[PDB]
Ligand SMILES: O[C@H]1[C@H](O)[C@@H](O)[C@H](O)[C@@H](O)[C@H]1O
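A single chain, nothing else alongside it, follows as structure tokens in the form solved without the named molecule.
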């Protein structure tokens, strides 16, 4: 059986000497938005319909968590201004539960501030995450705390590895975990060195593209990863794209074309390096069309 037939424990089937950068990982864009039920606001603000545990059982291993500091000890999960009905502990609790059940998987968790803090807040978003989550005794043992800037599956499995979008941080473990953080370009394909030049991050995050330009941008970075065997290069390729507003195409509309187009491309490439591909409506299938999460999983060599 191919790896995608067992998406709950697909990492457990790989050689754990691989660096995570070398694994082809499916991620979900604005992971926590599955809570939204308002159909007007959902056109533009909603990007998933499966909850965190269901995304995990479906093979998603990179979670894009964007937040707003709602109290000096709390980060709320957001899509910009839009509150997603939960705080960050809910994601961490679900991740902890999953990684205990499937201990040979690793989760990569991106953390970004997506909106200004509540007026009562006195601490920076980075301070709050560092002191009330990362260093919270409650999450002892949950996070990758090692000092390798390019960690392997063996040393990260069972744990969450921080992918730091917060800017400079005093946290010392995970991608971008130094006082420079990651220099991220708005609406662009870009490359930037992270972890004190230890890694070359290559991102396609042109989130305001229209359809044909977005497919072009995804396939261009997909083609670069295919010929790049350098373990010190890390590829993050967002398939997700913004709606132009409620009267325009929904994010689901675009996902419904992009996901199968890119899934078709990957499958026709066979077992080639893709990088980490971040998608809307992860696990959403359309009869007759290739499933992007399954095809990213099956692209991994055994």
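Positions refer to the first chain, counted from 1.
There is another form of this protein, the form solved in complex with the named molecule, and it is not shown here; the text below is about that form.
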Is the gap between residue 205 and the named molecule in the deposited complex 4.5 Å or less for some heavy atom pair? yes
Does residue 68 make contact with the named molecule in the deposited complex, using a 4.5 Å heavy atom cut-off? no
Hey, in the deposited complex, is residue 184 touching the named molecule, heavy atoms inside 4.5 Å? yes
Does residue 46 reach the named molecule in the deposited complex, with heavy atoms at most 4.5 Å apart? no
Candidate spot 30, 112 and 165, all three touching the named molecule in the deposited complex (heavy atom, 4.5 Å): yes
Report the stretch among 205 to 213, 95 to 103, 222 to 230, 130 to 138 that approaches the named molecule in the deposited complex to within 4.5 Å, counting heavy atoms only. 205 to 213
